[PDB]
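Residues per chain, in single letters:
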Amino acid sequence: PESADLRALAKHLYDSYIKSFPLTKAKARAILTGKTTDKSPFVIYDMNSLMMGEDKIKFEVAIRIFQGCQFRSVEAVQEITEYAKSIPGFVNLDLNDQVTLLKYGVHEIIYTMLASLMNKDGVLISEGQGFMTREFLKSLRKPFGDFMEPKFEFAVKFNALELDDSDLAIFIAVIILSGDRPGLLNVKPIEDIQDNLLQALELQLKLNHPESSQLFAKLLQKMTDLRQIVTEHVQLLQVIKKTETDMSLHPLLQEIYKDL
Amino acid sequence: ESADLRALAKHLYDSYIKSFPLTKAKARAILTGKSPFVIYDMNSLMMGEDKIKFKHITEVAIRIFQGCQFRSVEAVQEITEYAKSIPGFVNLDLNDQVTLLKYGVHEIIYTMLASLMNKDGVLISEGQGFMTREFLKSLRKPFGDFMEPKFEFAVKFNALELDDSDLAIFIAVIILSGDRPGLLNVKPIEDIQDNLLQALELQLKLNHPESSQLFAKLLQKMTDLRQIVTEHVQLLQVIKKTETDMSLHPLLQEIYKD
Ligand SMILES: O=S(=O)(Nc1cc(Cl)c(Oc2cnc3ccccc3c2)c(Cl)c1)c1cc(F)c(Br)cc1F
Ligand SMILES: O=S(=O)(Nc1cc(Cl)c(Oc2cnc3ccccc3c2)c(Cl)c1)c1cc(F)c(Br)cc1F
């Protein structure tokens, strides 16, 4: 059928998702649901546990954390780029559009996938070896303590959809191939790819979550919260560049930030 | 067991046809008879960009190099899809799948590039273009040194007169190499390659029965490929002391491995 092609596209993206992202939601949930003994994380909830964490978990304060996010976000950009090239049709696009799709897509994907590593109490860090609590992060001096709470508020609502990795692989593919990004040269080929991806996502959610009514529509409506959080995130960054003139940002990230 | 070798051969040929747009058959038609814009000097290349719409347009030697980056990245995705059709490949360890492609795309890129080359140049852009061998080696160092070893290999490789049905199995043999570093389960890889080698052997005896030991000679070319690729990557390390734009887009840098 035409839907056999949609299933092959879904399988293809899931395969590439596993190869590109080392820490899946399936692994994050096994670590968080306290399943076992070999996978349990060390919990950073204050400065001493944080001090004992660097000893044990292997990776001022608040600025030590902030540059940790920078470095992991840079690694995430790398992983998202590799995944993007696997999306059929992406690498055949105008190279300026490729750059543009990655530039405006990376932050929406980072905090989509970060939700996989969060519960209401905190977030897994450092390949899941560590867990940082929501309270300790909200306790960081301003304005660093303002970074995390919106993500937690989004993650709780996003995670109630109970998507698995196979669902997420298509959803991230849809996000990358967004024809409404500023400065795109040929919007139509991008939209034709997203059309096929949206078709693939719809069949996937309906087959994977048959009792979940209108999950497709509810997933698409999550973009409002996604884009609101990116907007707040970049404003937070601008406050940092002014009060924190003695702290460098990463060039890959600064070029992504340009005109955000 | 001979029917399943031929079944395997036909399956790979069909998959190769679907995965790679410009086949050797059509490339050879364009290079002889039954027409490409030719790029022979600085002026013709500037005209060719206003002619053929290059999707990578954002020094001339660097602009050609960036074009090779763009097309190589496209070919990785074509080769990846072709690898998925090889019986047994997807059932392999996911990390081994990734390792085979990562260390194998370069050998395949220059195997298939031979299809688009003769002693005088190389087809580009689905055949809409053609870049002369003279112009490419006229490029300033070290960019003028990338392609000459490829032409030398290609003139020899093409003298074997392989067709797409031959090359389909040959490329499959290259992907399923058990000697790539970092593999975790070598047994089923070489198990599949030995099965592809039997199919390649029978294919060449049926399709070139007058070509004595063509099978052995094809295998000898695979070591010529290894040398091409080792020399190629060593040259693109020297590049990161020439094409080093201290003000380059990091996202472009992120895209351009492969
Ligand atoms: O929520 S953020 O908006 N972004 C965010 C980005 C990533 Cl990649 C991230 O993941 C990691 C992973 N490993 C880590 C290892 C060591 C230290 C921190 C890590 C963070 C997390 Cl937990 C948060 C945000 C939280 C803040 F606490 C600070 Br300070 C700034 C900051 F940007
Ligand atoms: O021979 S190479 O070793 N690699 C190589 C790789 C591919 Cl995919 C290739 O095919 C194309 C196809 N379309 C193109 C369109 C525009 C511009 C270049 C294209 C190259 C070719 Cl002609 C060469 C090599 C040749 C050099 F001229 C330069 Br500068 C560096 C370089 F790596």
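- Determination of this PDB entry was carried out by X-ray crystallography to a resolution of 2.2460 Å, according to the record.

- As recorded in the PDB entry, chain B goes by the name Peroxisome proliferator-activated receptor gamma, listed as coming from Homo sapiens.
- The PDB lists this entry under the title "X-ray crystal structure of PPARgamma in complex with SR1643".
- In its Sequence similarities section, UniProt records this for chain B: "Belongs to the nuclear hormone receptor family. NR1 subfamily."

- Chain A appears in the PDB entry as Peroxisome proliferator-activated receptor gamma from Homo sapiens.
- UniProt, in the comment section headed Sequence similarities, describes chain A in these words: "Belongs to the nuclear hormone receptor family. NR1 subfamily."

**Things to note about the site of ligand 2**
Residues and elements named next belong to chain B.
- Taken together, 18 residues form the shell around ligand 2, and within it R71, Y110, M147, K150 and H232 come nearest.
- At 2.8 Å, a side-chain N or O of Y110 approaches a nitrogen atom of ligand 2.
- Within the side chain of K150, a nitrogen or oxygen atom sits 2.5 Å from an oxygen atom of ligand 2.
- Considered on its own, ligand 2 offers 680 Å² of accessible surface; in the complex 95% of this is hidden by protein.
- Elements with a contribution of two residues or more to the shell around ligand 2: α4 (60–85), α5 (94–115) and β3 (121–124).

**Description of the packing of helix α9 (residues 186–207) of chain B against helix α10 (residues 214–238) of chain B**
Residue and element names in this part refer to chain B.
- Two elements in contact, α9 and α10, have axes separated by 9 Å at closest approach and are oriented at 130°. It follows that α9 is oblique to α10 by the angle criterion. Residues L197, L200, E201 and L204 of α9 form the contact with α10, whose own contacting residues are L214, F215, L218 and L219.
- Taken together, the residues that form the contact of α9 with α10 break down as 7 nonpolar, no polar and 1 charged.

**Some thoughts on the packing of aromatic side chains**
- Applying the stated criterion across every chain, the model contains 17 aromatic pairs over all chains.
- Relative to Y83 of chain A, the ring of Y17 of chain A lies with its centre 6.3 Å away and its plane at 85°, an arrangement referred to as edge-to-face.
- Plain terms: the ring middles of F157 of chain B and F170 of chain B are 5.8 Å apart, the flat faces sit at 35° to each other, and that makes the pair tilted. Of this pair, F157 of chain B sits in helix α7 (residues 148–158) while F170 of chain B sits in helix α8 (residues 164–175), placing them 13 residues apart in sequence.
- Relative accessible area serves as the criterion here: at 0%, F170 of chain B is assigned to the buried category.

**Some remarks on helix α2 (residues 25–32) of chain A**
Residues and elements named next belong to chain A.
- Among all positions of α2, only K25, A28, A30 and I31 are buried.
- Residues of α2 that are buried make contact with α1 (2–20), β3 (122–125), α7 (149–159) and α8 (165–176).
- Put simply, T24 is the residue that caps the front of α2, since its side-chain oxygen is 3.2 Å from the backbone nitrogen of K27.
- Looking at the residues trailing α2, positive phi occurs at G34, about 45°.

Thresholds, definitions, all that
- Residues numbered from 1 in each chain as written, not as in the entry; some residues may be left out.
- Chains lettered and ligands numbered in written order.
- Heavy atoms only, no water.
- Residues with missing side-chain atoms left out of burial classes, pairs and counts.
- UniProt positions renumbered as here; feature names shortened; annotations may be inferred.
- Near = heavy atom within 4 Å.
- Polar contact = N/O pair within 3.5 Å; in protein donor to acceptor, adjacent residues only side chain to side chain.
- Areas by Shrake-Rupley, 256 points an atom, 1.4 Å probe, with all protein chains shown as cover.
- Helix = DSSP H or I, 4+ residues; strand = E, 2+ residues; numbered from the N terminus.
- Axes fitted to C-alpha atoms, helices over the stretch in contact; angles between N-to-C directions.
- Parallel < 35°, antiparallel > 145°, perpendicular 65-115°, else oblique.
- Contact = heavy atoms within 4.5 Å.
- Nonpolar A, V, L, I, M, F, W, Y, C, P; charged D, E, K, R; others polar.
- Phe/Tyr/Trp six-rings, centres within 6.5 Å; stacked < 30°, edge-to-face > 60°.
- Buried < 20%, exposed > 50% of the residue type's maximum accessible area, 1.4 Å probe, protein only.

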